[PDB]
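4 protein chains.
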Amino acid sequence: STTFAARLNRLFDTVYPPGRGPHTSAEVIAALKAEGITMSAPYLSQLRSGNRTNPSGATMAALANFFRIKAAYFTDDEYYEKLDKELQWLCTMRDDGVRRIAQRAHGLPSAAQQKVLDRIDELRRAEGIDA
Amino acid sequence: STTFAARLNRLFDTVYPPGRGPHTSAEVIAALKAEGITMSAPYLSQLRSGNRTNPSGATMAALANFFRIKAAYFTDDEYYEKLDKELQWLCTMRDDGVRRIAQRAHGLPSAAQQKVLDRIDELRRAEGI
Amino acid sequence: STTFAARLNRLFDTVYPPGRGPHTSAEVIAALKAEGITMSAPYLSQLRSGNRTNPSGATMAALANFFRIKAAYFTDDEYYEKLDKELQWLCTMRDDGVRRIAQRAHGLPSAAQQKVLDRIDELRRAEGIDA
Amino acid sequence: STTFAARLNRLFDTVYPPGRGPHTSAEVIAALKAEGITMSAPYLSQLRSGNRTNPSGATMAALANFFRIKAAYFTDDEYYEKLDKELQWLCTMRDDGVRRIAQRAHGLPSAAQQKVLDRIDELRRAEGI
DNA sequence: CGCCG
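This is the structure in structure tokens:
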């Protein structure tokens, strides 16, 4: 349902290691070389940008194992979903607002955490977000 | 400071990819082998056990680059704590009481978020904390 | 680990409907036509017979969809594993010897069946089949 | 003899692909839509319920080409039974009393198998039967 | 043929 090259961009944009930015396009062709796999740079920019789709079977597996997730992510439409909630969670785990909030709601009791997370839903409701 | 032995297991148990659990000791060795570098599972496992210390400037590199972090993690005591925060977060959060709410907090304009911070303090205060 | 074209031939050879023989090559390009998908017949024959490998993402999706199994079979090695035991199985429920055996051993009690299984294992032992 | 709506559920329940359970009624009409043919889940479910009978000549064929069986399955009352055998067959097996037993028998030379077919009787004789 | 530039 979601195009390949978008499935792909999601990856660079979300998966990447602690204490640094996300993976550049070339970090990947280089790391892919050092593991003994040729890939064009412009075939990567092409795939990534939408300019070409329907890549090789292995061309997917090559990238899937660079970010260290199964190649099914691209092929299997099920596992995609099962794993999509996830990247949404990383991207959430980085946003600084959510952070400052949770750090303070930590040390907070069970009933009391509720009243908090309800206030959140009234502001969501009242933002035209949850309406 | 902290035994490198423990600084390694930090990584092992905090940094892993999405959609799965922590990295097995052998995943590592085999991955190294893939890159063309070579190390022994007995050595590695020995390092984490703590029956070997002071590792090669080269093996430290071969680890820090498979974990895609800086090697100064193991050597520098500053970048270490400064990047240990970054993990310290990654953990405290995957807790549950907070998972639910942190999820619903995302996307509130940073104006509205404020009102939630103030809200929280109300309760903080109400429990004497 | 197992090549693609053999993953495929396994499909042709095992999976097919009751009362009839297996799916021929053309049956598939035709049923593929009427579902509104072009594919070259010699591109099939090539793929099947190893003449060409590393097919498109979608080229796999189509054939997997024809036999009604998940396309992840071709890509993800794990699931393929998990699903192979299965085809091996139906290759079993067609062997006629196994049938005429099972339809006899049906109706026997709990430890009589066991005493049977053991005999099977001693003939297997004694065939140079089991070690 | 036997009904139609029941001959249909026969198929639904016995005939499916590997690695999963039986087909949903919707999977069907949607698959048909794919082929380019049209049918209403209310009609289908209605046919299976038994609130409709005497299906169109070409709804019967729209169904039997989806299950990839012969449409004569629905009409002919002999070949129904003949190709029912092949069904009542797939089933008696999946029951795992015999699953285990049946796996080990494959590959035994058609000679050795015989020796198993006879042991079976020693036992059968001892019970009954 | 079609995937890889």
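Protein chains in written order, with the entry's author numbering: chain B, 3 to 133; chain C, 3 to 131; chain A, 3 to 133; chain D, 3 to 131.
We treat Cβ as the ideally placed atom computed from N, Cα and C, and that holds for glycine.
Asked	Found
CB contact flag (residue 64/B, residue 41/B, <8 angstroms)	yes
Closer than 8 angstroms at the beta carbon, the chain B residues around residue 52/A	The premise fails here: residue 52/A is roughly 14 angstroms from chain B at the closest Cβ pair, so nothing lies under 8 angstroms.
Beta-carbon proximity check, residue 89/B vs residue 17/B, cutoff 8 angstroms	yes
Partners in chain C for residue 37/B, counting only beta-carbon separations shorter than 8 angstroms	36, 37
Interface flag, residue 63/B vs chain A, CB-CB below 8 angstroms	yes
Residues near residue 73/A in its chain [Cβ-Cβ closer than 8 angstroms; skip 5 each side]	62, 63, 66, 67
Cβ neighbour criterion (16 or more within 10 Å) applied to residue 123/B	exposed
Boundaries (first-last residue) of the alpha helix (DSSP H) holding residue 84/C	80 to 95
Residue-level contact to chain C via CB, residue 79/B, 8 angstroms cutoff	no
Where residue 92/B falls, given that 16 or more other Cβ within 10 Å makes a residue buried	exposed
CB contact flag (residue 49/D, residue 13/D, <8 angstroms)	no
Where the alpha helix (DSSP H) through residue 16/B begins and ends	6 to 16
Three-pair Cβ contact test at 8 angstroms for the stretch 45 to 60 of chain D versus the stretch 103 to 119 of chain C	no
Interface partners of residue 95/D on chain A, CB under 8 angstroms	95, 104
Assigned secondary structure, residue 27/D (DSSP; H/G/I helix, E/B strand, else coil)	helix
Residue 46/D versus 36/D, 121/D, 39/D, 28/D, residue with shortest Cα-Cα distance	28/D
Minimum Cβ-Cβ distance from residue 115/D to chain A less than 8 angstroms	yes
Segment limits, alpha helix (DSSP H) that includes residue 117/B	112 to 127
Contacting residues, own chain, Cβ-Cβ under 7 angstroms from residue 81/C (five flanking each side not counted)	72, 74, 75
Rounded C-alpha distance that separates residue 129/B from residue 120/C	17 angstroms
Cβ contact check for the stretch 92 to 102 of chain A and the stretch 92 to 102 of chain B: 3 or more pairs under 8 angstroms	no
Per-residue contacts from residue 10/C into chain B (C-beta, under 8 angstroms)	None at all; the shortest Cβ gap to chain B is about 15 angstroms.
Residue-chain proximity (residue 17/A, chain D), Cβ-Cβ < 8 angstroms	yes
Own chain partners of residue 54/C with C-beta closer than 8 angstroms, once the 5 adjacent residues on each side are dropped	45, 48
Interface flag, residue 23/A vs chain D, CB-CB below 8 angstroms	no
CB of residue 21/D within 8 angstroms of CB of residue 85/A, strictly	yes
Presumed contact (8 angstroms Cβ cut-off) between residue 3/D and residue 79/D, rounded CB distance	5 angstroms
Per DSSP, the bridge partner or partners of residue 58/A	58/B
For residue 51/A, the three-state DSSP class (helix, strand or coil)	helix
First and last residue of the uninterrupted alpha helix (DSSP H) at residue 99/C	99 to 107
Minimum Cβ-Cβ distance from residue 30/B to chain C less than 8 angstroms	no
Candidates 36/A, 25/A, 107/A: closest to residue 125/D by CA position	107/A
Limits of the alpha helix (DSSP H) - the one that residue 74/C falls within	74 to 77
Reference residue 34/C, options 94/C, 15/C, 69/C, 83/C, closest by Cα	69/C
Proximity winner among 131/D, 105/D, 15/D, 39/D, relative to residue 2/A (alpha-carbon distances)	Look at the range of chain A in this structure, 3 to 133, and you will see that residue 2/A is not part of it.
Coil, strand or helix - residue 67/D by DSSP	coil
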